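[1] Quick one, structure for this:
(chains A and B)
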Number of protein chains: 2
Amino acid sequence: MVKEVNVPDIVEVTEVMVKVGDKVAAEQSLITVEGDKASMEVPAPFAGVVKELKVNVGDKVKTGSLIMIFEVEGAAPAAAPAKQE
Amino acid sequence: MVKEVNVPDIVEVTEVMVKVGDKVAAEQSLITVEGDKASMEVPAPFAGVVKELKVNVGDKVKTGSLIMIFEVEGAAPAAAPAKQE
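    Numbers count the residues shown, from 1 in each chain, chains lettered A, B, ... in the order given. You can find the structure just below:
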C-alpha cells in the first residue's frame, strides 16, 4: 500500500491438501443402536441342512439380505450311513 | 314407521354388539401343535465382509454352533504403530 516493494517469493495456491483428515462416512443410514468393536462371529438360528448356497466366500454381506436356506423336516437323518459312494 | 308393526331390513337389534354367528375364514391360529414349517430362509444380522468360511455347502447346521464370521471396520486408520520387536 505504501512505499514500493518487491513481489512475494510465492503467490501460487493449491487445492490438493492432505487426504488423511478427509471424511465422507456420513448419512445413508441413520438410526443406530449402541456400537461394537469390529469382527464378530455369528451362530445359526436353528438346526438344518445346507441344500442350496446363496452367497460365495469373498462376497461381503449386508443387513437385510439373505445368506443361506435350511430345510428342517421332523427329526434329523441319523441311522448309520455317513461315508459311502 | 312408529307403528307396532314393522319389518326388518338387516338387523332388528337384539343383544347384538359383536355379531358372531357362523364364520370360518382362513385359520390364523397354530392350533395346539405346529401346522407347517420346514424350509425357512435366514437373513444376515449385520453388514460385513466374508473373510473366512467355517461351514462348507452340504454340511448340515445345528442350533448353538457357528456358521460365518464378519469384520466390520467403520473407523478410519490413525497412526497404528507397527510390530518388529
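[2] Can you give me the end-to-end span of stretch A:9-25?
    The stretch stretch A:9-25 measures 39 Å between its terminal residues, going by CA to CA, to the nearest Å.
[3] Other residues contacting that stretch?
    Outside stretch A:9-25, the residues within contact range by CB atoms under 8 Å, 6 or more residues apart in numbering or on different chains are B:74, B:76. Every C-beta, even on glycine, is put in place using the N, C-alpha and C of the backbone.
[4] same thing but at 7 Å, please
    Contact partners of stretch A:9-25, identified using CB atoms under 7 Å, 6 or more residues apart in numbering or on different chains, comprise residue B:74.
[5] From the chain's centre, how far out is that stretch? Work that out for me.
    29 Å (CA atoms, centre = their mean, to the nearest Å).
[6] again with stretch A:23-41
    Averaged C-alpha coordinates place stretch A:23-41 at 10 Å from its chain's average position (CA atoms, centre = their mean).
[7] Repeat that for stretch A:78-85.
    Stretch A:78-85 has its average C-alpha position 39 Å from the chain's average C-alpha position, going by CA atoms, centre = their mean.
[8] check contacts around the residue lying closest to residue A:49 once chain neighbours are set aside.
    The shortest distance from residue A:49 to any non-neighbouring residue, by CB to CB, 6 or more residues apart in numbering or on different chains, is to residue B:60 (4.2 Å). Counting by CB under 7 Å, 6+ apart, residue B:60 makes contact with A:48-50.
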